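S.K.: This one's a deposited entry, sequence included:
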Amino acid sequence: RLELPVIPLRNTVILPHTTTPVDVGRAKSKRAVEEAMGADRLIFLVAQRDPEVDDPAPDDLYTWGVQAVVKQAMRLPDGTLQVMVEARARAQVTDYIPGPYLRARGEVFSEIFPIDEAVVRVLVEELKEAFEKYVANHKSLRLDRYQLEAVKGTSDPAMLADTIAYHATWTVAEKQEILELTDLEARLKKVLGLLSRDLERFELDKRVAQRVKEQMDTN
Amino acid sequence: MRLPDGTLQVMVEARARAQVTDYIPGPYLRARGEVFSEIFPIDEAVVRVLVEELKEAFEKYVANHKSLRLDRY
Amino acid sequence: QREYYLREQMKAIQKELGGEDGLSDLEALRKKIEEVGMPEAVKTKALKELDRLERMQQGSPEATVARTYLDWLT
Amino acid sequence: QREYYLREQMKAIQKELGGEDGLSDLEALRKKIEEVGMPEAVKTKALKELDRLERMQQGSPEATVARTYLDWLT
């Protein structure tokens, strides 16, 4: 936001307001952690791409970065600094000093309230119903029961879409694309289309399962 | 009123359509016009039937947008 | 046993080839015999060749020549 | 998503016919047809010869020449 020390993600993408522990292994990143502690517990988290350009640079990175408040600071000297962060908001990138350690700002917040709040609450409830069916449709991965109890207690639909997309396992590209666009309704329809297409995968799974049953019973 | 970007917004509401005799050359422009052409509605029953038809058509057009948000007020 | 399993799930996939199998493409061939043309002796000849074809297998050492013959007829 | 998921499973198969190298090569040949060239007539003829090559056993002596032809075209 105001050139916080950029500390790389080495795995899937953090989404806003997600209770997230972060691995920090490379020492190039670690002093950016200690002066992110020197930067008032707030990191302009800018993710990079996997298997990774482990020279810190703007070249590594993903041009939509998340804000995150640290909850607790673990002094765990196992070659990887453990830090838990709860996220705040995605942002558009506005500068880069390279690193270690980088300096890079951002602009925007994930506070977005589109007009016609009826369509807001309706597409929120339909994404809610899509999630409630999908979590019933995909206990083939045995999803979490507190991922139903904590998504009740939500009042800003932006972090709601972000928490639902974060609870749902996807590619890195999909999460970064959710963080590129800032809008509510787009991320709602995004998560909804992804759940629907995985439901179609699941239908193909049921279909070939019936085919295998046919073959075994016939033979 | 004057907007903070140097762009004058003018809020107009038309009361009468008008004919034109001739234009005075410009800039600036002056013009004179023949009549205030007005025709008031007579037999509002069948005209009101057509108003109800156009009300049904606009009520049908309002409910087109579910992820596009046409205004409901 | 797991080889058996591989064969099972593979053949179920081939039942699920495009959407499902090219069975849909197979009765598409059944249609395509009697759409274009044809003279009657050649028509019954091709239908009997198809009846010879349908007794064969999902391989095959000699069904390739039969359905290649039907493709050249159609 | 249909043809995508089913193509996923079938290239998993053409891998898993021996862990690699099963078929494992003719979707790469599909890409090789799509990349270099082509005019549309030889494009359609090469894809029809590929569709002739697909369904049959690899040890057959017709699949020997139907592979060498698609290797001389591309």
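M.R.: Cool, got the structure. Residues are numbered from 1 along each chain as shown, chains lettered A, B, ... in the order given.

S.K.: So which residues make contact with the one helix or strand residue C:12 maps to?
M.R.: Per DSSP states H and E: residue C:12 is located in helix C:2-15. The contact list for helix C:2-15 (Cβ atoms under 8 Å, 6 or more residues apart in numbering or on different chains) reads A:208, A:211-212, A:214-216, C:21, C:58, D:6, D:9-10, D:13, D:16. From N, CA and C alone the C-beta is placed, and that goes for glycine too.

S.K.: Show the backbone phi and psi for residue A:184.
M.R.: With angles defined as degrees, to the nearest 10, residue A:184 sits at phi -60, psi -60.

S.K.: and residue C:52, what does it touch?
M.R.: residue C:66.

S.K.: make that residue A:151, sorry
M.R.: A:131, A:160, A:163-164, A:167.

S.K.: do that again at 7 Å, thanks
M.R.: A:163-164 (Cβ atoms under 7 Å, 6 or more residues apart in numbering or on different chains).

S.K.: now it, what's its secondary structure?
M.R.: Put simply, residue A:151 is coil when judged by DSSP: H, G, I helix; E, B strand; the rest coil.

S.K.: separation between it and chain D?
M.R.: 26 Å (Cβ to the nearest Cβ, to the nearest Å).

S.K.: repeat for residue A:124
M.R.: Where chain D is concerned, residue A:124 sits at a distance of 25 Å (Cβ to the nearest Cβ).

S.K.: What is the neighbour count of that residue?
M.R.: 18 (other Cβ atoms under 10 Å in any protein chain shown).

S.K.: ditto for the one 3 residues further on
M.R.: The burial metric for residue A:127, expressed as a neighbour count using other Cβ under 10 Å, is 24.

S.K.: Can I take it that it is in a strand?
M.R.: No - read with three-state DSSP, residue A:127 is helix and lies in no strand.

S.K.: right, and the helix or strand after the helix holding residue C:12?
M.R.: helix C:23-33.

S.K.: what's the angle between the next helix or strand after that next one and helix C:23-33?
M.R.: Once the chain leaves helix C:23-33, the next helix or strand it forms, by DSSP H and E, is helix C:40-53. In terms of direction (axes from the mean of the first three to the mean of the last three Cα atoms, to 10 degrees), helix C:40-53 departs from helix C:23-33 by 160 degrees.

S.K.: Relative to the whole chain's centre, how far out is helix C:40-53?
M.R.: 14 Å (Cα atoms, centre = their mean, to the nearest Å).

S.K.: Go ahead and build a PyMOL selection from the buried members of the contacts of helix C:2-15.
M.R.: Remark: buried members of these, expressed as a PyMOL selection using 16 or more other Cβ atoms under 10 Å in any protein chain shown:
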select buried, (chain A and resi 208+211+212+215) or (chain C and resi 21) or (chain D and resi 6+10+13)
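
S.K.: Whatever residue of chain C ends up closest to chain A - how many residues pack around it?
M.R.: For chain C and chain A, the shortest gap (Cβ to the nearest Cβ) falls at residue C:12, measuring 3.7 Å. Neighbour count of residue C:12, defined by other Cβ under 10 Å: 19.

S.K.: Not counting its neighbours along the chain, what's nearest residue A:106?
M.R.: Excluding its sequence neighbours, the residue lying closest to residue A:106 (Cβ to Cβ, 6 or more residues apart in numbering or on different chains) is residue A:91, at 2.9 Å.

S.K.: Enumerate the residues of chain C near chain A.
M.R.: C:8-9, C:11-13, C:15-16 (Cβ under 7 Å from any Cβ of the partner chain).

S.K.: quick one: residue A:66 is in a strand?
M.R.: Yes - according to three-state DSSP, residue A:66 belongs to a strand.

S.K.: and it, bridged to which residues?
M.R.: residue A:45, residue A:90 (DSSP bridges).

S.K.: How about the contacts made by it?
M.R.: A:14, A:16, A:45, A:87, A:89-90, A:179.

S.K.: Swap in 8 Å and give it another go.
M.R.: Contacts of residue A:66 by Cβ under 8 Å, 6+ apart are A:13-16, A:45, A:47, A:87-91, A:179.

S.K.: and what of residue A:189?
M.R.: A:123, B:67.

S.K.: From residue B:51, how far off is the closest residue to residue C:63 other than its chain neighbours?
M.R.: Using Cβ to Cβ, 6+ apart and skipping residues adjacent in sequence, the residue nearest residue C:63 is residue C:56, 3.9 Å away. Counting by Cβ to Cβ, to the nearest Å, the gap between residue C:56 and residue B:51 amounts to 74 Å.

S.K.: try residue C:1
M.R.: Residue C:1 is 78 Å from residue B:51, by Cβ to Cβ.

S.K.: what's the burial count for the residue nearest to residue A:106?
M.R.: Residue A:91 - counted by other Cβ under 10 Å - has 24 other residues nearby.

S.K.: Distance check, it against chain C.
M.R.: Residue A:91 is 44 Å from chain C, by Cβ to the nearest Cβ.

S.K.: wouldn't that residue be in contact with residue A:62 here?
M.R.: No - at 11.2 Å, residue A:91 does not count as touching residue A:62 under the criterion of Cβ atoms under 8 Å.

S.K.: do stretch A:209-218 and chain C meet at all?
M.R.: Yes - Stretch A:209-218 lies within reach of chain C by Cβ under 8 Å from any Cβ of the partner chain, at A:211-212, A:214-216.

S.K.: How many neighbouring residues does residue 60 have?
M.R.: All of this refers to chain A. 20.

S.K.: looking at chain C here, not the other one
M.R.: Neighbours of residue C:60 (other Cβ under 10 Å): 16.

S.K.: and stretch A:147-154, how far out from the chain's middle?
M.R.: 17 Å.
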